[PDB]
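Undergrad: The structure follows.
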Amino acid sequence: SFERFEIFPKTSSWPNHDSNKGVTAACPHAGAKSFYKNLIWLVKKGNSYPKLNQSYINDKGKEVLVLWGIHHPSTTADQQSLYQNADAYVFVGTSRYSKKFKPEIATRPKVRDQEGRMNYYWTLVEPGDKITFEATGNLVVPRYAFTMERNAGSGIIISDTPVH
Amino acid sequence: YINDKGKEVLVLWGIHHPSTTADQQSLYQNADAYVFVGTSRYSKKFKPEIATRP
Amino acid sequence: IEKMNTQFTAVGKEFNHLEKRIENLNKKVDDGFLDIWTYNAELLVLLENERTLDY
């Protein structure tokens, strides 16, 4: 049983964090710059980035898959212009998980007209647990989680055969 | 420590991550700390992760 | 036909470039299973045909 769920409302969860911006030319849609729909790339709201701290409770009866991202800017100037904090840190915590991420400011080789990077992470939350995010910047906040009940398991088929 | 015995020695240690910076200061009196463990086949450095877990 | 017990399985696992050792292990397991099955099936078919003709 797979259901897309709105874990974090877009227009109410982040009052001090701007969500309108964050689109990039690396992910264009109909020519104009766009971004992902399941994730929101938070940016500073008027040269100010308050310490973001959010929590979620898995009240549902099935497992919850949640995916977030950490953005590594290409240069320190980009980091300052996007998050207004030279030194940042991210923390993710659930009852079975505890990780701290640090930004890696470096000039990667230009791939797809981009010099920065973005690391994607995923986690599973069992019912009755709590998932917490804390960040001072460089965080790609989740917007939609996925309620799932894992089956016995299968494989992935890579072919061009049409589906009947 | 020197392993003078003729058999293998298993040793277990732990690193404590406090929930808050105040707890870290009240327990170790050092805002920034580091740990190092070293044997002839092992060399690791641990850093504290001050965060509020659930 | 019936004695071939079948279970819901997923043959074929994808692996990263770094995890080449596990990929090689999976390939070795698959090749061993393939060789065992081919040899056993060929021997069984030959023996059954010979026994049926003799019968």
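Each chain of the structure tokens is named A, B, ... in the order shown, its residues numbered from 1; ligands are numbered from 1 in display order.
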Run DSSP on the backbone and give me the residues of segment 38-131 of chain A it puts in alpha helix (DSSP H), as a list in words.

TA: residues 76, 77, 78, 79, 80, 81, 82 and 83 of chain A

Undergrad: Just to be explicit: take each residue in the selection above, keep N, CA and C atoms, and write the result as an mmCIF file, in the first residue's frame.

TA:
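So the final result, stored in again-v7.cif, reads:
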data_model
loop_
_atom_site.group_PDB
_atom_site.id
_atom_site.type_symbol
_atom_site.label_atom_id
_atom_site.label_comp_id
_atom_site.auth_asym_id
_atom_site.auth_seq_id
_atom_site.Cartn_x
_atom_site.Cartn_y
_atom_site.Cartn_z
ATOM 1 N N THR A 76 32.335 29.675 -1.542
ATOM 2 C CA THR A 76 31.908 30.279 -0.283
ATOM 3 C C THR A 76 30.969 31.455 -0.524
ATOM 4 N N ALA A 77 31.192 32.205 -1.606
ATOM 5 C CA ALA A 77 30.311 33.323 -1.923
ATOM 6 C C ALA A 77 28.886 32.848 -2.177
ATOM 7 N N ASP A 78 28.733 31.731 -2.894
ATOM 8 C CA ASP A 78 27.404 31.172 -3.119
ATOM 9 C C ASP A 78 26.761 30.741 -1.807
ATOM 10 N N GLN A 79 27.545 30.130 -0.916
ATOM 11 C CA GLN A 79 27.021 29.734 0.388
ATOM 12 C C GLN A 79 26.527 30.941 1.173
ATOM 13 N N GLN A 80 27.305 32.026 1.178
ATOM 14 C CA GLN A 80 26.895 33.225 1.901
ATOM 15 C C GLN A 80 25.663 33.861 1.269
ATOM 16 N N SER A 81 25.589 33.869 -0.064
ATOM 17 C CA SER A 81 24.454 34.486 -0.738
ATOM 18 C C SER A 81 23.192 33.640 -0.652
ATOM 19 N N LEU A 82 23.317 32.343 -0.375
ATOM 20 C CA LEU A 82 22.148 31.478 -0.282
ATOM 21 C C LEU A 82 21.689 31.216 1.145
ATOM 22 N N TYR A 83 22.583 31.286 2.134
ATOM 23 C CA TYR A 83 22.214 30.954 3.503
ATOM 24 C C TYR A 83 22.702 31.948 4.549
#

Undergrad: Taking the backbone alone, and naming residues the way the document does, which bits of chain B are strand (DSSP E or B) by DSSP, as number ranges by chain?

TA: B: 35-39, 42-46

Undergrad: Take the residues just selected and output them with N, CA and C atoms as a CSV table (one decimal), in the first residue's frame.

TA:
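Contents of the output file out25.csv:
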chain,number,residue,atom,x,y,z
B,35,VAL,N,38.4,12.7,20.2
B,35,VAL,CA,38.9,11.4,20.7
B,35,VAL,C,39.7,10.8,19.6
B,36,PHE,N,40.8,10.1,20.0
B,36,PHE,CA,41.6,9.3,19.1
B,36,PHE,C,41.9,7.9,19.6
B,37,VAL,N,41.7,6.9,18.8
B,37,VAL,CA,42.0,5.6,19.1
B,37,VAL,C,43.0,5.0,18.1
B,38,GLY,N,44.1,4.4,18.5
B,38,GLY,CA,45.1,3.9,17.6
B,38,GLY,C,45.8,2.6,18.0
B,39,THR,N,45.7,1.7,17.1
B,39,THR,CA,46.5,0.4,17.1
B,39,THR,C,47.2,0.2,15.8
B,42,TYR,N,44.8,0.2,13.1
B,42,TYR,CA,43.6,1.0,13.2
B,42,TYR,C,44.0,2.4,13.7
B,43,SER,N,43.3,3.4,13.1
B,43,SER,CA,43.5,4.8,13.5
B,43,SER,C,42.3,5.6,13.2
B,44,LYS,N,41.5,6.0,14.3
B,44,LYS,CA,40.3,6.7,14.1
B,44,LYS,C,40.2,7.9,15.0
B,45,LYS,N,39.6,8.9,14.5
B,45,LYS,CA,39.3,10.1,15.3
B,45,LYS,C,37.8,10.4,15.3
B,46,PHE,N,37.2,10.5,16.5
B,46,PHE,CA,35.8,10.8,16.8
B,46,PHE,C,35.6,12.2,17.2

Undergrad: Would you mind listing, as a ChimeraX atom specification, all residues of chain B that have at least one atom within 12 Å of chain A, where only C-alpha atoms are what counts?

TA: /B:17,19,47-54

Undergrad: Could the residues in this selection be written to a file with N, CA, C and O atoms, as a PDB file, in the first residue's frame?

TA:
ATOM      1  N   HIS B  17      27.620  11.351  22.982  1.00  0.00           N
ATOM      2  CA  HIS B  17      27.146  12.551  22.314  1.00  0.00           C
ATOM      3  C   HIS B  17      26.085  13.199  23.188  1.00  0.00           C
ATOM      4  O   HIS B  17      24.966  12.665  23.286  1.00  0.00           O
ATOM      5  N   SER B  19      23.093  15.708  24.558  1.00  0.00           N
ATOM      6  CA  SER B  19      21.911  16.249  23.898  1.00  0.00           C
ATOM      7  C   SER B  19      22.042  17.743  23.630  1.00  0.00           C
ATOM      8  O   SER B  19      21.486  18.243  22.646  1.00  0.00           O
ATOM      9  N   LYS B  47      34.527  12.809  16.756  1.00  0.00           N
ATOM     10  CA  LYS B  47      34.108  14.142  17.143  1.00  0.00           C
ATOM     11  C   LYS B  47      32.707  14.099  17.739  1.00  0.00           C
ATOM     12  O   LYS B  47      31.855  13.341  17.262  1.00  0.00           O
ATOM     13  N   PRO B  48      32.439  14.884  18.778  1.00  0.00           N
ATOM     14  CA  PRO B  48      31.099  14.888  19.370  1.00  0.00           C
ATOM     15  C   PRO B  48      30.066  15.476  18.422  1.00  0.00           C
ATOM     16  O   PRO B  48      30.363  16.344  17.598  1.00  0.00           O
ATOM     17  N   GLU B  49      28.836  14.987  18.550  1.00  0.00           N
ATOM     18  CA  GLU B  49      27.702  15.444  17.751  1.00  0.00           C
ATOM     19  C   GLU B  49      26.640  15.964  18.716  1.00  0.00           C
ATOM     20  O   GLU B  49      25.776  15.212  19.172  1.00  0.00           O
ATOM     21  N   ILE B  50      26.706  17.257  19.020  1.00  0.00           N
ATOM     22  CA  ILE B  50      25.783  17.875  19.966  1.00  0.00           C
ATOM     23  C   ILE B  50      24.476  18.165  19.238  1.00  0.00           C
ATOM     24  O   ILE B  50      24.407  19.074  18.406  1.00  0.00           O
ATOM     25  N   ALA B  51      23.435  17.398  19.553  1.00  0.00           N
ATOM     26  CA  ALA B  51      22.133  17.582  18.928  1.00  0.00           C
ATOM     27  C   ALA B  51      21.065  16.978  19.827  1.00  0.00           C
ATOM     28  O   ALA B  51      21.347  16.121  20.667  1.00  0.00           O
ATOM     29  N   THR B  52      19.829  17.432  19.628  1.00  0.00           N
ATOM     30  CA  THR B  52      18.696  16.994  20.443  1.00  0.00           C
ATOM     31  C   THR B  52      17.996  15.847  19.726  1.00  0.00           C
ATOM     32  O   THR B  52      17.137  16.050  18.866  1.00  0.00           O
ATOM     33  N   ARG B  53      18.368  14.622  20.089  1.00  0.00           N
ATOM     34  CA  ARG B  53      17.720  13.445  19.543  1.00  0.00           C
ATOM     35  C   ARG B  53      16.318  13.298  20.130  1.00  0.00           C
ATOM     36  O   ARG B  53      16.022  13.839  21.199  1.00  0.00           O
ATOM     37  N   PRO B  54      15.428  12.583  19.440  1.00  0.00           N
ATOM     38  CA  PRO B  54      14.111  12.299  20.022  1.00  0.00           C
ATOM     39  C   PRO B  54      14.243  11.509  21.315  1.00  0.00           C
ATOM     40  O   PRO B  54      15.118  10.651  21.454  1.00  0.00           O
TER      41      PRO B  54
END

Undergrad: Rounded to one decimal, what separation in Å do you get between atom CA of residue 61 of chain A and atom CA of residue 9 of chain A?

TA: 20.8 Å

Undergrad: Can you tell me, as a VMD selection string, what residues are no more than 12 Å from residue 157 of chain A when counting only C-alpha atoms, ignoring any on the same chain fewer than 2 positions away?

TA: (chain A and resid 154 to 155 159 to 161) or (chain C and resid 10 to 14)

Undergrad: Using atom CA of residue 118 of chain A and atom CA of residue 70 of chain A as the two end points, give the distance in Å to one decimal.

TA: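 The value is 5.6 Å.
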
Undergrad: Excluding residue 119 of chain A and any residue of its chain fewer than 5 positions from it, enumerate the residues within 9 Å of it, using only C-alpha atoms, and give them as number ranges by chain.

TA: A: 68-72

Undergrad: If you count only C-alpha atoms, which residues fall within 12 Å of residue 1 of chain C, apart from same-chain ones fewer than 4 positions away, as a PyMOL selection string?

TA: chain C and resi 5-6+41

Undergrad: Could you check which of C:15, C:26, C:54, C:8 is closest to chain A, using only C-alpha atoms?

TA: C:8
